[PDB]
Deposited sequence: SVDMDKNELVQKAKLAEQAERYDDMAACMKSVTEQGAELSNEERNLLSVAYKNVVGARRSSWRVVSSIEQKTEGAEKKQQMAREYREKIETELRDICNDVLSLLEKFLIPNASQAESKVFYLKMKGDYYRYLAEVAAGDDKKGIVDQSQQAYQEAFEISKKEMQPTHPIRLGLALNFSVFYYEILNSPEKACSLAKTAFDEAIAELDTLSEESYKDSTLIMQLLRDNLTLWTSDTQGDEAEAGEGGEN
């Protein structure tokens, strides 16, 4: 019922590795309509990271099997329907998050830090939705991902230090979206090099900067 009560549930759930619970708590905190603290916002994001991450992982697995059973048609059909089950949960979860972002988190964001963080989340979960979308639906959804990432990118260029982990985090994913969703290794690389370039100036974060480098070696090699 109460916000402090729900925040504590969420932490307890996290300790228990029960993330459905963790997410639902933090859903209810969001739906109370006030702007989340940094603590609360990281709870939310961790919770759905895990909730969504488990399906993305499972999907990958069953999708590998669907492919590797071409020729064995009944087996492939079994894998395909099961993938479809996973995709339904994956859509429920994306729509949940995206809806919280539309109704609560993005409207209430009063600071640059949080508006960027939440627009990135939106980029992220539109990306996730897109990855299991069909046909024309896919195309529009990929666009909504581009836009949320771009907007966050523009706000972050203007309002945040180049070393800020939310701003480097944005650059990682946005560049990974350029590679993985739009097949632009030239746009991916440029973006990632530019963020690394501008962070390195004001060091006088490392993990994300390292991750940028890592991804860079993969794309070109």
The record leaves without C-alpha coordinates the deposited-sequence stretches 1-3, 208-216, 234-248
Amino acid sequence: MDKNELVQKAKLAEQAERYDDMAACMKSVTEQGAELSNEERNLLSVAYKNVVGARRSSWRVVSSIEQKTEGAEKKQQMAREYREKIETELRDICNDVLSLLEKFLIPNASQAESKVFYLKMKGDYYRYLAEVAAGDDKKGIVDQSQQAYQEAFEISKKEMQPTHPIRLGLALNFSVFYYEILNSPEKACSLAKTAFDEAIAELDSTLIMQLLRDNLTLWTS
From here on, numbers count along this sequence of modelled residues.
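Between two forms, the rigid core is the largest collection of C-alphas that superpose within 1.5 Å.
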When the other structures are laid on this one by the rigid core, do the CA atoms of 18-26 or of 193-201 sit farther away in 8 other deposited structures of this protein? 193-201
Of 126-134 and 113-121, which departs more from this form in 8 other deposited structures of this protein by CA RMS after core fitting: 126-134
Third-or-more of other entries without residue 72: yes
Mean Cα B factor from the PDB record: higher for 67-75, or higher for 124-132? 67-75
When the Cα temperature factors in the entry are averaged, is it 148-156 or 182-190 that ends up higher? 182-190
Ranked by Cα temperature factor within the chain, is residue 176 in the lowest third, the middle third or the highest third? highest
Using only modelled residues of the chain, where does the Cα B factor of residue 164 rank: lowest third, middle third or highest third? highest
Divide the modelled residues of the chain into thirds by Cα B-factor and specify which third, lowest, middle or highest, holds residue 18. lowest
Please place residue 113 in the lowest, middle or highest third of its chain by C-alpha B factor as given in the entry. middle
Temperature factor at the Cα of residue 26, chain-ranked in thirds, falls in the middle
